[PDB]
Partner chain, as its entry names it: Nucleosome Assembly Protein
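Starting off, we have a lone chain in the form solved without its partner chain, written out as structure tokens.
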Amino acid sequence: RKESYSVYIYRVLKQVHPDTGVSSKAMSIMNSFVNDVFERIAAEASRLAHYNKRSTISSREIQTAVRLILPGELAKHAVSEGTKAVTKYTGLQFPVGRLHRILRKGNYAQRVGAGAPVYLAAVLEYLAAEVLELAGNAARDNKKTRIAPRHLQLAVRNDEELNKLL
């Protein structure tokens, strides 16, 4: 019932920790985490568009959705990433073409603009890179060569903003 971002979650880590791997138990936890984040933002952006008497979800509704979900300085960076990405593409490790397709199925009565998945791909790529950086740090501190769910929940634990995001 969930999408598969394991390819792009892995492509992000080789940019964050090139000589580090990830367990498959830790891979599905990241994949489900990215899924819980996508749907929450897509649900808010849809309500925001229906709230403001609109019907095409744009990068504007994606940002305000992100600002209304990610706490503190997580929303500060994710907004910087989404805005920077949208202007550059009217690179990114997430499939903008696939994320656009997923956004449309949320409700076919609401159109989806081209700039919305560009913003969402950057935010998802940022939230992935931040978790794998802290989880990758906890693994190299233990001299281990790949990330386990132990280092995942450890990364979320000592990060209050990440822990508030669940």
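Superpose the two forms; the largest set of C-alphas matching within 1.5 Å is the rigid core. Residues that one form lacks are left out of the comparison. Numbering follows the first chain given and starts at 1.
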| message | Checking chain continuity here. Are there deposited residues lacking coordinates between residue 80 and residue 81, and if so is it 1 to 3, 4 to 9, or 10 or more (or none)? | response | none
| On average, which has the higher Cα B-factor in the deposited entry, 21-29 or 141-149? | 141-149
| remark: Looking only at C-alpha temperature factors in the entry, 64-72 or 51-59, the higher average sits in 51-59
| remark: Temperature factor at the Cα of residue 119, chain-ranked in thirds, falls in the lowest
| For residue 133, does the deposited CA B-factor place it in the lowest, middle or highest third of the chain? | middle
| field | CA B-factor ranking of residue 154, expressed as a third of its chain | value | highest
| task | Would you check the entry's CA temperature factor for residue 109 and let me know if it's in the chain's lowest, middle or highest third? | result | highest
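Not on display, but discussed next: the form deposited with its partner chain bound.
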| request: Check each of 24, 15, 158, 145 and return the one that places a heavy atom within 4.5 angstroms of its partner chain in the deposited complex. | output: 24
| request: Would you point out which of 64-72, 99-107, 126-134, 39-47 contains residues with a non-hydrogen atom within 4.5 Å of its partner chain in the deposited complex? | output: 99-107
| query | Any chance 8, 11 and 95 all have a heavy atom within 4.5 Å of its partner chain in the deposited complex? | reply | yes
| message | Within 4.5 Å, heavy atoms only: does residue 4 come near its partner chain in the deposited complex? | response | yes
| message | Considering non-hydrogen atoms and a 4.5 Å limit, does its partner chain approach residue 58 in the deposited complex? | response | no
| said: If you fit the rigid core and then compare C-alpha positions between the shown form and the other one, only one of 111, 60, 40, 54 moves by 2 Å or more. Name it. | reply: 54
| Can you list the runs of 3 or more residues whose CA atoms move by 2 Å or more between the shown form and the other one, with the rigid core superposed? | 51-54
